[PDB]
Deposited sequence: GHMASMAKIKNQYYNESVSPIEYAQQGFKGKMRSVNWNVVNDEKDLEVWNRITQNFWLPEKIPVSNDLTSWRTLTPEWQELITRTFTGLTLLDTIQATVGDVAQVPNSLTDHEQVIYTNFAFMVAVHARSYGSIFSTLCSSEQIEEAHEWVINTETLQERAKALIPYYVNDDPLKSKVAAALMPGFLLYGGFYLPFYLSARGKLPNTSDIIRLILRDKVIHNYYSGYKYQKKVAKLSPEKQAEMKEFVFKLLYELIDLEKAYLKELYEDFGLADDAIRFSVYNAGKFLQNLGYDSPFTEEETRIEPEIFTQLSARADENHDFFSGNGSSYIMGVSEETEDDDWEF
C-alpha cells in the first residue's frame, strides 16, 4: 500500500489595484510580488530597461556645433522640423500610448514596466529639446513647432494610432503600441544617420542610438505580449488579428511615404528614407510573429547608413 497525499494561493484570491477598479471597486487588493514573478520575461525586461536609464546630459551635443555651422539654413530647418515631428510622436506615446497599455497587462509586473516605457519615451522627447537648446535659435525652434501643427501629412500620422489607445480593444491598442517604436519614427531617424555618415552632427546620432536602444525593447516587448494573448485565441480570431496588423501597417506606410516625400522634398532623401522605413516595417512584423513581405529592393539601406543604425549605443553614470 501507500499513503495518499499549492503555493501563493493568496494570488488567486486577490486582484491588482487596476483589476479592483475594473471590477467596480470589488475584491481584495494584492501588492505586486517581485519575489515570485509570473513571467520571467517581465523581470528580464524590467532589468534591461532600468539598467539602460539615460538622460541627454550623457552626450556632449555642443561638440556638434562646428559641423552644425557648416549646414545651410535650409538644412538646419529640415533637422529642426524633422526632430520636432519626432518629438510629437514621442509626446503621444509618453502621455497616451504607453500609459494606455498599463490596464491591459497580463501581469502585475507588466503594469509597471509600461510606466517605465512612458517615462523613457518622455526622455526621448526631452532629448530633442536638449539638442535644440544647444544648436538652434529660438526662431528656428518656434518655426518648427508652427510647421508641426500646420503640416497635414504629419498630423495624419499623429492622429492615426490615437483611436486604438482610447477605444476598448486591447489587442488593437497593443498593436499600435508596438507600431510606434517599431516603425513610425524610422523615416525621421534616417536623417541624423545620413548626416553622421557624412561627418555632420555625430554626437546627435549618439542620442538617437540611445533612443533606439529603448525603442527596440519597447517594440519587442509589446510584440511579445501581443503574441502571448493572441496565441490563446481561436484560429478565426488569430487570422483576424493578423489581417488587422497588416492593414494598419500598410495604412501607416502610406501615410509615412506621403509625409517623408513632403518633409524631404527639397533634399532628395525621401526615396532612401522610405526604404529605411520599410526595412523597419519588416522588423516590426517579425516582432509580432509574422513574416515580412517586403523585397530586398524595397528595404535596401546603404552600408554607411546601416553602420550608423547598427552601432552599439554604449565615467558618467546614473
{"property": "Missing CA stretches, deposited numbering from 1, N-terminus first", "result": "6-8, 318-341"}
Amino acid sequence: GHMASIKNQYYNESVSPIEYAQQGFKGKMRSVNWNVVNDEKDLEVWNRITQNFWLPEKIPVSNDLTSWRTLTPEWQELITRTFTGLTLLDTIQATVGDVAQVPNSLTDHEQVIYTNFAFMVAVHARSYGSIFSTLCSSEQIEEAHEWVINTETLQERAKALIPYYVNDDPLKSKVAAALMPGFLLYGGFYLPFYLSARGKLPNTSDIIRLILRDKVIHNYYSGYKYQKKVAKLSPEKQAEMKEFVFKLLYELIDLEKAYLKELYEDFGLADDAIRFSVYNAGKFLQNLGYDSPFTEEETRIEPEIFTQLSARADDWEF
From here on, numbers count along this sequence of modelled residues.
{"query": "111-119 set against 164-172, stretch whose average Cα temperature factor tops the other in the entry", "finding": "164-172"}
{"query": "Of 25-33 and 61-69, the one with larger mean CA B-factor", "finding": "25-33"}
{"query": "Criterion, highest CA B-factor; candidates, 131, 210, 217, 231", "finding": "231"}
{"query": "Third of the chain, ranked by Cα B-factor, where residue 281 sits", "finding": "middle"}
{"query": "Position of residue 18 among the chain's modelled residues by C-alpha B-factor, lowest, middle or highest third", "finding": "highest"}
{"query": "B-factor third for the C-alpha atom of residue 159 within its chain", "finding": "highest"}
{"query": "CA B-factor placement of residue 124, once the chain's modelled residues are sorted into thirds", "finding": "lowest"}
{"query": "Chain thirds of CA B-factor: placement of residue 288", "finding": "highest"}
